[PDB]
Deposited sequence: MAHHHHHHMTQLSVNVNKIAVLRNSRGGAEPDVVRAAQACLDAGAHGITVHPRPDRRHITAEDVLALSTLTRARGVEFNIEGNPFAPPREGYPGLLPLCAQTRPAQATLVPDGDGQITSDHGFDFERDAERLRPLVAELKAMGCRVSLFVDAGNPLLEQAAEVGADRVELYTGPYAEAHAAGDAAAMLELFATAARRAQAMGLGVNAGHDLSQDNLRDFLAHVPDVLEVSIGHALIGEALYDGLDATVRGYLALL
């Protein structure tokens, strides 16, 4: 069996592209913002290129691949593996084929995980193809999923627990019920040889209780709350603040 490893931080820069696209020019620069996050010591960059190009584009992915590669850090691409290519969107797997990121996080459409009764068989050859490229494959799952262990059956290397309902419980004050659930979910996955990532709605106000109660979380992908906190203190300070909690 494995041994403990210090939790790593991946900065999700989707919202930086959201601000760019709202105006429609070039500021704020996605690569420049990611560069400042890696300069602050982040272990990697996460993006989620939607098929409709609402924020991050295929061009951003290639640009960020070149960046993370030149700096020896990890690139994590989220996306729906089932989405066929359309105009302006090459598809998740061909994007990973072109950039060979360290990790590919597979999502079903983010507010829920996969229905393994329904999607496991068209998932299987795509998971296998992603790993064959050199990608770790992580599957977005709900902490309450009774068939959660089936992600190992598909061949995935990790699961990413969707931490939405924990953060909602944390803001309301009583998050104990959520923490026992997410801890139990983490333990079930690890008993199958799966690594555990997390993120989504994780902030500087709730990360500490999470890592203190959920064991051996390997990687956290934090976007929204990190960008929102950076409005007050800057990207450099914010990332270093997150790092000091890992």
Worksheet entry | Gaps in the model, given as deposited-sequence positions counted from residue 1 | 1-3, 113-118
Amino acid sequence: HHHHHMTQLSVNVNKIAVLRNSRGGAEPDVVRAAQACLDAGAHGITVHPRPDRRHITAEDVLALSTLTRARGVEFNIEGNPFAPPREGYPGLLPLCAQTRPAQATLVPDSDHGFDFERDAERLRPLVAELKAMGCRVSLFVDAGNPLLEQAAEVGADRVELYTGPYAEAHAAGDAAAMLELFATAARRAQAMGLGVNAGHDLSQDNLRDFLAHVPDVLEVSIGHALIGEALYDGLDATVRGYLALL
From here on, numbers count along this sequence of modelled residues.
Response to the item:
Looking only at C-alpha temperature factors in the entry, 175-183 or 46-54, the higher average sits in 175-183
Practice prompt. Identify the stretch, either 33-41 or 203-211, whose C-alpha atoms have the larger mean B-factor according to the entry.
Written response: 203-211
Worksheet item: Which of these, 81, 85, 72, 113, has its C-alpha atom at the highest B-factor, as the entry lists it?
Response: 113
Item to complete: Sort the modelled residues of this chain by their C-alpha B factor and say whether residue 106 lands in the lowest, middle or highest third.
Response: lowest
Worksheet item: Sorting the chain's CA B-factors, does residue 198 end up in the lowest, middle or highest third?
Response: middle
Worksheet, complete the sentence: So, residue 158's CA B-factor, relative to its chain, sits in which third? The middle
Worksheet item: Among the modelled residues of its chain, does the C-alpha B-factor of residue 94 lie in the lowest, middle or highest third?
Response: middle
Worksheet item: Sorting the chain's CA B-factors, does residue 170 end up in the lowest, middle or highest third?
Response: highest
